[PDB]
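Asks: Below: one structure in structure tokens.
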Amino acid sequence: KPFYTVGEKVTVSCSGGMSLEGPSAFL
Amino acid sequence: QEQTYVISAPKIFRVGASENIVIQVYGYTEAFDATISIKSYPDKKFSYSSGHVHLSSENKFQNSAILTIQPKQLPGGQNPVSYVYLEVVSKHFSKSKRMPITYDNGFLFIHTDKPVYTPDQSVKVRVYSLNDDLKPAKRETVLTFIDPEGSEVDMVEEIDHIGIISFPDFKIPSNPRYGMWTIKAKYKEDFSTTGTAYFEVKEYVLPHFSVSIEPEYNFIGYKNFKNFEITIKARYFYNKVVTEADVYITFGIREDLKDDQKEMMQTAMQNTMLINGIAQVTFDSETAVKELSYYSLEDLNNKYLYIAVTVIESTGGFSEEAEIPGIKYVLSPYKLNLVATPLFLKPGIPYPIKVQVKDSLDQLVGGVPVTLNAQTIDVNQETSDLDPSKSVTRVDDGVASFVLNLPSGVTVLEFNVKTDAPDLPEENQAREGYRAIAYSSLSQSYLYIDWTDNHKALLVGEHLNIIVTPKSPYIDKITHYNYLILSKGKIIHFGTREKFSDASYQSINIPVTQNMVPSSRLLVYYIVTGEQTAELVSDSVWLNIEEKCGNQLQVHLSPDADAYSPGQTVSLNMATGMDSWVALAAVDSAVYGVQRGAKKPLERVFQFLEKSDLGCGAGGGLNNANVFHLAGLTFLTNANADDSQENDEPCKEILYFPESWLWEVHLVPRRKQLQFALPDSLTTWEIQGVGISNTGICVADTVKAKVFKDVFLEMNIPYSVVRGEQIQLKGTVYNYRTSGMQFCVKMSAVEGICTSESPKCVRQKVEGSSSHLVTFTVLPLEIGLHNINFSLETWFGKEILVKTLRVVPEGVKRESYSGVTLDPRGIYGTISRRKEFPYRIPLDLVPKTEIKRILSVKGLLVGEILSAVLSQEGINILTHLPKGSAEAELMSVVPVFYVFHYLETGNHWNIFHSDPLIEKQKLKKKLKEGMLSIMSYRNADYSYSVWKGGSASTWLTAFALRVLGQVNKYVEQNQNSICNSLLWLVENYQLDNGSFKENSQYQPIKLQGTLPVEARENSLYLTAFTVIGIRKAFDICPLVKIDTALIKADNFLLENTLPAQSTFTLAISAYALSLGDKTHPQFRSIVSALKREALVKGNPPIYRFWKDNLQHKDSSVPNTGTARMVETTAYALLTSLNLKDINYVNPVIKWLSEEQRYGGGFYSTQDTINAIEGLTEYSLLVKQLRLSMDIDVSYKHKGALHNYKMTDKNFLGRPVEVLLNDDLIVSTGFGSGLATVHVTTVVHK
Amino acid sequence: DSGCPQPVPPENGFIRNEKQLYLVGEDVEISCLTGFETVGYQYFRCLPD
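Protein chains in written order, with UniProt numbering: chain A, 646 to 672; chain B, 19 to 673, 768 to 871, 882 to 1367; chain C, 641 to 689.
Structure (structure tokens):
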């Protein structure tokens, strides 16, 4: 979404085999 | 006096609050307009808010303005506004009154996700943030965390957008002080509004079942000292009984509720049995005391019992314990108080009285007989006794109630209430005495209400009906009474209630709208004009309202079940009368089970909201003014009354296995549905949520969701296992089947544990509805966190039970401390803006117990700043009395150099803008000319004489050397000439004992000079004065022989100051010594003597100064004695300034600022110079301590660790774990102010 | 208020910043006389009691 309402949960993920730090959502 | 008004207002204005101010006028018929205004105080210049109000029979001449004080419009700064003018203006009247204002606006409910936390946890924390209007405040909020020692540990800020401030998770430090931590919350910039919560940090493991210990009484009396009896019960956290447990009781002496550890008994230590969840126990206290106490009788014990119980499940491995310290042995164990009673009388109306019986460690006893005896007066003090009356206390409410049909003419009543329990004599049957007083109308004009004090809360949205009965000699005059309904601080309804042709008045028939919850106060008033003099007549009553939410928010599991299975997917529904935010959270009931007397965080929410109410008592009053004050109002009226008769007295009368999850916030657009999975734990989860909207808060009912299983295994793992020891861990299988079945257990573990049991089993069967002990002697090898699992395989089933064992090292967890003060300017001496801390290793480190290192940092704040400054008279002090003979020129330019130095504080050149600037180039010219003049007074031999051919003087040489120390920033004197002057002085006039005897001038000079001492140790003055000048020149001529002469002079002046020569000599010597070794022991002793000789005003000194030589004589003009005073005080000031003793300096600066002994000193050049020097030094010191210090810290070979922007606004960053095994270097930018930095090391030895 | 009274400094010690009372969690620095050197951790910290 262009913006995420407070307390609603997004989900973020990279492609397979990548290693990624940090949460899948930010508030 | 028929034409009259009342303006009524809250007792105190809340800043930023929308305050509703109501006005009624009488004796007017032409419609007219008024303005009610809130204006700055005392000057009335700025207007914060204004409201035009129109008055007419169309309004029954009543109206209100809504007025508010937006917080930025106040001037703010260090002095907040205490008081503000409320004003009213009309064609007919103008008045203003000084209202108080308060910045306490709204509520900050801190909610921590648990009350107890282990180390190695992060807290989740959030704050509900509400206005005085109970709307979501949408304000920036800040949290501060305090350890149980009272040490600040962290601060964090967040901006509200919703009313729900979900702060970042606080990681508990890497080594906490165990005990009660505190969180404080404040709105950042502009309100007090301080919220608070507590949480306990401890090593703990969740209890596996509750033990509830249930004495029949919180007290033991004659009836129960013979025999006291008690129930104990035990239940799992799933709501089923403990089937069997062994119980060990313990009893002991106690003498304090708070904190005693008096000896336990060794009798009646009853090993006993709990069955079907219950054990029954009795303690014969008489025989136990007589057997083993030194007491033998209850009359010796207005004191306490200690009781404790431990239990072990009789066919399993878990064990639990608890205690009830403080059951009160007391001969008079009851106490009594009123509840909701006014102590004000309506005559003839049945006057209700209610009393609550309470205990020591008070509960509602409810079972006590009580009786009443009363005496009355009606008129001319005819003392009339009443017949006594009797009630039982209500068993549930505790209330004993009475009503007295007092005489229609009664004036006062005073009475006693006593316990009538026939088993207690009156020396034991607790009793109290109380007095009530009539409304004391002068006009015999009253306004009674037909209110019984209905005990039952008014339900929201019912119509209240109160008939109201003014009674007066002039009721024909009283066309209408006026009413106000107030909630919390604020008037919310106001109106008028007309006389019927029945010669009676419209009742207050009004809906109790939601804004009234939980409590509202009704005040009714009229003005009666009397024959000619008006009287304001009023009465009020507290109206208890049903606790109800505006949102009516409800929450429920849509797939409703008695109990769910672990991991079950469920659906949840949130439904509301309007769209709302809701916070949700889930917490396990064993968590609250951890702490005895734990509190639910949303408890008391309405009672806390009630603390906002400004009133006290249930109503009534001794007077109109008293009625309004107790109602929490104030009023402006011409009707011969004022609220200034009363004051704000402290009136205080009575009227996966997580610990937590689902910690979220959601929008509910009138309705929402959620779907989610339960955790794997077995317990009652308590799911709790808080609705928020512009309609305010609601707290929802706690959904207790059970998760349960009939057959399972559990293990009583302690919080940590000491490495290398083996311990028999205990636990049990449970069968809640009708029948027994065989079971097998095959524990498995990570290789960090290897243990000799080598987990084909015995394959025991548990009986039906029974448990069987399971035990393992696990022996942990390796420290830290290790996965252990209790896999179980069983007839018709299997179970998996993952765990993490924490293994902690042998030896003692010793701690060591180190740290420094960062001082990037050398205020205390050596500039200290770097430090190094190797990774030092103790010689007694146990080989594997790797050292934990922790950093902490503190800023040091300036404190009180006293703005002592020169007048505009600095123009004169520069343009000083005409240059000329008597060296009027010298006396004029000598202040110029010091005024220059003063302005070289910079501020005063940066800002003179209150007045036309001193022209900087004029100053530079004057300075140059001053240097040219002062050269004219040098003798050829670099001595000094004021006359060109006059006798050379060491006095004037020392004065010149002092001056010439200052000037060098613009005009350095050549160092050679200074060296020559010093050399001549020391080489000619150093002496073997004393020093610098004046060479050849006995003739003093008055305005340039000052009083010499009496001949006894008069060298003290000379030695001191010369020393001062030398030290000020020394930095521009370092010569080892001069240093030697300093050391000598200091030694002599010290040895001559030990006998405490007259205090001026002591002060000047102390000032000389503060230039020397600032830590010389005798110097410090002389300073202590100076401090003992100080004079002060106020117990905390507001002013401090020194007198000697009978200077306590009067002096309305400056004179030699006032000179002595001003100089000696300026010398004590400069001494303490060299000790950097700002806190001691402050009251000296203040006393100087007063210019008491007005005009100053003798207006000598000495007193004025030394005063302005001291004030300059102070002005410097303030900016020196001003904190700005960007610390950076890094390892030596490894990289940077952290940086702290230590600043006045952010004076304390969090402590930091020094993880890496490298040498640690800490430093800062040059910056400003002072800090202290600590590292502490924990090692297991 | 039961803020800590000023401590007596150790032998050959003195307080850098004397006051009538110190806040709970306030710390005071000792320093040694001209002839003396500190051994040990130079701060005292005011506890709630």
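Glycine included, C-beta positions come from ideal geometry on N, C-alpha and C.
Shorter than 8 Å from the beta carbon of C/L673 to some beta carbon of chain B?
Replies: Position 33 of the third sequence holds residue 673 of chain C. True, the Cβ-Cβ gap to chain B drops below 8 Å.
Asks: Out of B/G451, B/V530 and B/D966, which has the shortest C-alpha to C-alpha gap to B/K566?
Replies: As a working note, residue 566 of chain B is residue 548 in the second sequence. Nearest to B/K566 by alpha-carbon distance, out of B/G451, B/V530 and B/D966, is B/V530.
Asks: Could you tell me the alpha carbon to alpha carbon distance between B/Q1130 and B/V1068, rounded to whole angstroms?
Replies: Residue 1130 of chain B sits at position 1008 when you count from the first residue of the second sequence. Residue 1068 of chain B sits at position 946 when you count from the first residue of the second sequence. Their Cα atoms are separated by approximately 10 Å.
Asks: What first and last residue would you give for the alpha helix (DSSP H) that runs through B/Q1088?
Replies: Locating residue 1088 of chain B in the second sequence gives position 966, counting from the first residue. Here the alpha helix (DSSP H) through B/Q1088 covers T1076 to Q1088.
Asks: Would B/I804 count as contacting chain F if we go by Cβ distances under 8 Å?
Replies: Among the protein chains in the structure shown, which are A, B and C, there is no chain F.
Asks: Could you tell me the alpha carbon to alpha carbon distance between B/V143 and B/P186, rounded to whole angstroms?
Replies: The residue given as residue 143 of chain B occupies position 125 in the second sequence. The residue given as residue 186 of chain B occupies position 168 in the second sequence. So the two alpha carbons sit approximately 7 Å from each other.
Asks: I'd like to know whether the C-beta of A/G662 is nearer than 8 Å to at least one C-beta of chain B.
Replies: Stepping through the first sequence from its first residue, residue 662 of chain A is reached at position 17. Taking Cβ atoms only, chain B never reaches closer than 8 Å to A/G662, which makes this a no.
Asks: What are the start and end residues of the beta strand (DSSP E) that includes B/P529?
Replies: Here residue 529 of chain B refers to the residue found at position 511 when the second sequence is read from its first residue. Where B/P529 is concerned, the enclosing beta strand (DSSP E) starts and stops at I526 to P529.
Asks: With a threshold of 8 Å between beta carbons, is C/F654 in contact with chain B?
Replies: Working through the third sequence from its first residue, we reach residue 654 of chain C at position 14. True, the Cβ-Cβ gap to chain B drops below 8 Å.
Asks: I'd like to confirm the pairing. Which residues does DSSP put opposite B/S337 in its beta bridges?
Replies: Locating residue 337 of chain B in the second sequence gives position 319, where the first residue counts as 1. According to DSSP, which records beta bridges pairwise, B/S337 is partnered with B/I330.
Asks: Do B/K1331 and B/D966 have their C-beta atoms within less than 8 Å of each other?
Replies: On the second sequence, position 1209 is the one that residue 1331 of chain B refers to. On the second sequence, position 844 is the one that residue 966 of chain B refers to. Contact annotation: B/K1331 and B/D966 have beta-carbon atoms that are not nearer than 8 Å.
Asks: Since A/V651 meets chain B, which of its residues come closer than 8 Å, beta carbon to beta carbon?
Replies: Counted from its first residue, the first sequence places residue 651 of chain A at position 6. What A/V651 touches in chain B: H179, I180 and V777.
Asks: For a contact defined as C-beta to C-beta under 7 Å, what are the partners of B/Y939 on chain C?
Replies: Position 817 of the second sequence, counting from 1, holds the residue named residue 939 of chain B. Neighbours of B/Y939 on chain C, chain order: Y681.
Asks: Contact check, B/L1212 vs B/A1254 under 8 Å by CB: the rounded distance?
Replies: As a working note, residue 1212 of chain B is residue 1090 in the second sequence. As a working note, residue 1254 of chain B is residue 1132 in the second sequence. Contact holds; Cβ gap of about 6 Å.
Asks: With H, G and I counted as helix, E and B as strand and the rest as coil, what does DSSP make of B/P1203?
Replies: Translated into the one-based positions of the second sequence, residue 1203 of chain B becomes position 1081. Note: B/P1203 maps to helix in three-state DSSP.
Asks: What residue range is occupied by the uninterrupted beta strand (DSSP E) comprising B/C1159?
Replies: For the purposes of this step, residue 1159 of chain B is identified with residue 1037 of the second sequence, where counting begins at 1. Neither: B/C1159 is in no beta strand (DSSP E) and is coded neither H nor E.
Asks: Taking only three categories from DSSP, how would you classify B/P194?
Replies: Within the second sequence, residue 194 of chain B is the residue found at index 176, counting from 1. Residue state, collapsed to three classes: coil.
Asks: Hey, could you find the ends of the beta strand (DSSP E) B/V171 is sitting in?
Replies: For the purposes of this step, residue 171 of chain B is taken as residue 153 along the second sequence, with counting starting at 1. Where B/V171 is concerned, the enclosing beta strand (DSSP E) stretches over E170 to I177.
Asks: Between the C-alpha atoms of B/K308 and B/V265, what's the straight-line distance to the nearest angstrom?
Replies: For the purposes of this step, residue 308 of chain B is taken as the residue at position 290 of the second sequence. For the purposes of this step, residue 265 of chain B is taken as the residue at position 247 of the second sequence. Computed Cα separation, rounded: 25 Å.
Asks: Under 8 Å, with one C-beta from each stretch per pair, do the segment 333 to 349 of chain B and the segment 891 to 904 of chain B reach the 3-pair mark?
Replies: Yes: the two stretches touch, three or more of their Cβ pairs being nearer than 8 Å.
Asks: List the residues of chain C whose Cβ lies closer than 7 Å to the Cβ of B/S1055, in chain order.
Replies: On the second sequence, position 933 is the one that residue 1055 of chain B refers to. Under the 7 Å cutoff, chain C gives no residues; its nearest Cβ is about 41 Å from B/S1055.
Asks: Would B/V327 and B/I267 be called neighbours here (beta carbons separated by less than 8 Å)?
Replies: In the second sequence, counting from the first residue as 1, residue 327 of chain B sits at position 309. In the second sequence, counting from the first residue as 1, residue 267 of chain B sits at position 249. Their beta carbons are under 8 Å apart, which means B/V327 touches B/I267 by this criterion.
Asks: Is there at least one Cβ from chain C nearer than 8 Å to residue 5 of chain B's Cβ?
Replies: Any property of residue 5 of chain B remains undetermined from this structure, which presents chain B solely from 19 to 1367.
Asks: Going by CA-CA distance only, name the one from B/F653, B/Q1097, B/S459 and B/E1136 that's closest to B/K113.
Replies: The count along the second sequence starts at 1 and reaches residue 113 of chain B at position 95. When each option's Cα is compared against that of B/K113, the closest is B/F653.
Asks: Helix, strand or coil, according to DSSP, for A/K646 in the structure here?
Replies: Stepping through the first sequence from its first residue, residue 646 of chain A is reached at position 1. DSSP, reduced to helix, strand and coil, places A/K646 outside both helices and strands of the structure shown, so it counts as coil.
Asks: Quick check on B/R1279: buried or exposed, where buried means 16 or more other Cβ atoms within 10 Å of its Cβ?
Replies: The residue labelled residue 1279 of chain B in the question sits at position 1157 within the second sequence. Flag for B/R1279 reads buried.
Asks: Do B/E331 and B/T926 have their C-beta atoms within less than 8 Å of each other?
Replies: On the second sequence, position 313 is the one that residue 331 of chain B refers to. On the second sequence, position 804 is the one that residue 926 of chain B refers to. Their beta carbons are not under 8 Å apart, which means B/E331 does not touch B/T926 by this criterion.
Asks: Taking C-alpha atoms, which residue in B/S459, B/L431 and B/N656 lies nearest to B/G451?
Replies: The residue you call residue 451 of chain B lines up with position 433 of the second sequence. If you compare the alpha carbons of B/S459, B/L431 and B/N656 with that of B/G451, the shortest gap goes to B/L431.
Asks: My assumption, with CB atoms under 8 Å, is that B/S1354 sits in contact with B/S1310. Please give the rounded CB distance.
Replies: The sequence position of residue 1354 of chain B within the second sequence is 1232, counting from 1. The sequence position of residue 1310 of chain B within the second sequence is 1188, counting from 1. About 5 Å separates the two Cβ atoms, so the contact holds.
Asks: Is B/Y499 close to chain C? Criterion is C-beta to C-beta, closer than 8 Å.
Replies: For the purposes of this step, residue 499 of chain B is taken as residue 481 along the second sequence, with counting starting at 1. By this cut-off, B/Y499 is not an interface position.
Asks: Is DSSP giving B/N1292 helix, strand or coil here?
Replies: On the second sequence, residue 1292 of chain B is found 1170 positions in, with the first residue counted as 1. Three-state result, B/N1292: helix.
Asks: Around the Cβ of B/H647, are there at least 16 other Cβ atoms within 10 angstroms (buried) or fewer (exposed)?
Replies: For the purposes of this step, residue 647 of chain B is taken as the residue at position 629 of the second sequence. Buried, since its Cβ has 16 or more Cβ neighbours within 10 Å.
Asks: Once you ignore the five residues that flank B/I987 on each side, which residues in its own chain have a CB closer than 8 Å to its CB?
Replies: As a position in the second sequence, residue 987 of chain B is number 865, starting the count at 1. If we look at B/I987 and ignore the five residues flanking it on each side, its Cβ neighbours are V1304.
Asks: Cβ of B/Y352 less than 8 Å from any chain C Cβ?
Replies: In the second sequence, counting from the first residue as 1, residue 352 of chain B sits at position 334. No, B/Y352 lies away from the interface with chain C (no Cβ there is under 8 Å from its Cβ).
Asks: For C/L661, decide whether its Cβ has a neighbour in chain B, counting only Cβ atoms nearer than 8 Å.
Replies: Sequence index remark: in the third sequence, residue 661 of chain C carries index 21 (1-based). Not an interface residue.
Asks: Beta-carbon within less than 7 Å of B/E176's beta-carbon, same chain only, minus the 5 sequence neighbours each way: which residues are those?
Replies: Numbered from 1 along the second sequence, position 158 holds the residue referred to as residue 176 of chain B. Cβ within range, chain order: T159, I183 and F185.
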